[PDB]
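Encoded as structure tokens, the structure appears first; notes follow it.
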Amino acid sequence: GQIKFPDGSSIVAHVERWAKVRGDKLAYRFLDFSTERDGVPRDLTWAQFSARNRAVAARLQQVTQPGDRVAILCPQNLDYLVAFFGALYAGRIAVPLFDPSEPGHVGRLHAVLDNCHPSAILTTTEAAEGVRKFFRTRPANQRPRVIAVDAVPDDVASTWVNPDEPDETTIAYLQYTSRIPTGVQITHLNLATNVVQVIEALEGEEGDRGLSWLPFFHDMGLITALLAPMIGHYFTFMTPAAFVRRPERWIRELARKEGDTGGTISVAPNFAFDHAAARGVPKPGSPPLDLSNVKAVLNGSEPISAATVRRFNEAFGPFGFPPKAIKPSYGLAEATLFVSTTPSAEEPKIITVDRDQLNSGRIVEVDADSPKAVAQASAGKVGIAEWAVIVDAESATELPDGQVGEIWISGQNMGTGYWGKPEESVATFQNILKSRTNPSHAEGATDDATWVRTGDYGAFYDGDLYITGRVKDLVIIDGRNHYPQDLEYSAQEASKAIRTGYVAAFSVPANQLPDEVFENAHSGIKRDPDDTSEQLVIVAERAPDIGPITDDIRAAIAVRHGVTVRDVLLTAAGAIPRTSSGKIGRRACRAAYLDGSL
């Protein structure tokens, strides 16, 4: 009926079965935008695919003990996938990570390795010395063996032994998300379950194509690549760097290829759509572009702007892109990826709700032209055999539809906890819902089941799930609540000097505010060391005279919201702290303001 796999079932064997049936057929396709001019399809067949997995696994089994953790440090390549699957084949724990020769940020990776203590490192000959230099910075006591995956001979596959059948508790891999790092424990069960949850939600036919430029070290990027080998189908990808430079590459891959059966499926964050809108439109001397075939492009991992949807359809619509193609979706790493998505036959639902009531917790529609209106885009309906409920965090009781609360999630796809963090694991992953309500969005789930606290505010409305954002990023000032995305939207629209989606809004205790703020007359707050009250701060990058810019922002937010901005900090482009996925670190940006920067 609902996601019950037979006993003894395992992925290594499942992919191997497909590998025997699809033998000479294409498994993965990598588009190389490197020194070559434009595109180099690098292909890996099922036969090659299976062969390398077993070969790498054979070397892993000799050099690593079962239960040990295996880190994958590779740029985006076929070998990244050969390395991951190899870890599963060997029976070890994969730990997806990135190339330490990436533009800075490899100091953060020290911290991750500190959490899981990997016994071995998988990399490529290209990135190997970089990994060597990287680890030279760490003590010798922790220096795990490094294996170049492309360098391992195919003949080593001969000594491979299939690992023992997994149980309900067996950890498949550690998915790290974003002060100390948190690896989520994802079992083999979590992996197979969510893959099944996604495929049923996608309604994929046997003619569809699929593609992603997203990084594999990101949960949204990883499972998307892991989808294809379990369905039988092929999967084509490129590097994220390739997309940022020429977003037209992605659309061209989305566009109808000559003579295919089905539509294209992909996923990408909200900011990518805006990116693809400006720079991703083809030049006039390029061949014709037909986007009519696109089935579903999922938009997730960050709050989706109705503007981005309107802008994108406006841009690629004339090329035949359907409006029902954009599929807003919600999910997290604690679900390993997927929680809810917009149904496959449907248009994306974007609503507009009263601002003041939203800040009070109620979801109530209002006309879009109304002065207090905030656009809200649905994440659609919850995935199969998993449940999402709106709860009162303090009372652990299910709230009625239309009222905002913390989102709790439960399902077989949910992780078993955080690696090496026992206390936090219990508080987050083990919670029981003490009370249900009228149509109980938890219906179908056992009264005794554990719920995972997502840490996000949300609500249910007219059959769709809406995510209002994170509890941690909520801006409370002087007794009234503010959603930070709302403030920065009003801020960026105030001055054209502000790079778009470069803004971060937060609150700081008045006593902590810098001395400069109190010396500034235009602030409106004076310095009392005994004042612990939260004050609004807004930080924004300067797209390619502070005085007028700050005042416009101060005025616009003051008028639309009713809060006074105490400090507006303009930095150079790219200065604002971000994360792995490319999203703004809010609270991390706050810290960067308080510890001071440039």
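Each value in this text was obtained by applying a stated rule to the coordinates, not by laboratory testing. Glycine gets a Cβ as well: all are built from the backbone with ideal geometry, and neighbour counts include every protein chain shown.
Below are the figures for this structure:
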item: Helix-derived mean residue ellipticity, 222 nm - over the chain, DSSP H n ≥ 4, -39500 (n - 2.57), to 500; result: -8500 deg cm²/dmol
item: Cβ-based exposure ranking for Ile498, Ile231, in which fewest neighbours within 10 Å come first; result: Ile231, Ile498
item: Separation of alpha-carbon centers, the stretch 286-347 and the stretch 59-81, rounded to whole Å; result: 34 Å
item: Two-decimal log10 I(q)/I(0) for the stretch 50-113, as the Debye equation yields it once each C-alpha is a single scatterer, q = 0.15, 0.23 Å⁻¹; result: -0.47, -0.92
item: Dipole of the chain [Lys/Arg +1, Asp/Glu -1 at C-beta], most positive-end residue of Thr454, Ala58, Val297; result: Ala58
item: Subset of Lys324/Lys583; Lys421/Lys583; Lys257/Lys496; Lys381/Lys472 violating a 29 Å alpha-carbon distance limit; result: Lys257/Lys496
item: Whole-number percent relative contact order across the stretch 182-260, with pairs defined as alpha carbons under 8 Å at least 6 apart; result: 26 percent
item: Theoretical gain in end-to-end length, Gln62 to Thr137 [0.36 nm per residue, Cα-Cα removed]; result: 24.3 nm
item: Antiparallel bridges, percent of DSSP beta bridges restricted to the chain (to nearest 5); result: 60 percent
item: Ranked by how many other beta carbons lie within 10 Å on average, peptides 180-189, 507-516 from highest; result: 180-189, 507-516
item: The chain: radius of gyration and largest Cα-Cα distance (Dmax), Å; result: 24.6, 76
item: Peptides ranked, highest mean first, by Cβ atoms within 10 Å: ranges 350-361, 47-58; result: 47-58, 350-361
item: Beta bridges per DSSP with both ends in the stretch 389-518, % antiparallel, nearest 5; result: 95 percent
item: Neighbour-count order for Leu474, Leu337, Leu465, fewest beta carbons within 10 angstrom listed first; result: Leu474, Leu465, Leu337
item: The stretch 7-122 - percent relative contact order, Cα under 8 Å, separation 6 or more; result: 24 percent
item: Distribution of pairwise C-alpha distances over the stretch 153-278, 10 Å bins, in %; result: 10, 32, 33, 19, 5, 0
item: For the stretch 290-390, convex hull of alpha carbons as volume per residue, Å³; result: 121 Å³
item: Rounded if a/c under 1.5, otherwise prolate or oblate - the stretch 429-470, Cα gyration tensor axes; result: oblate
item: Cα gyration tensor shape for the stretch 341-456, rounded if a/c is under 1.5, else prolate or oblate; result: prolate
item: Tensor-based shape of the stretch 163-202 (alpha-carbon gyration tensor, a/c under 1.5 rounded, otherwise prolate or oblate); result: oblate
item: Calculated log₁₀ intensity ratio I(q)/I(0) where the Debye formula runs over C-alpha points of the stretch 1-68, q = 0.13, 0.15, 0.17 Å⁻¹; result: -0.59, -0.73, -0.84
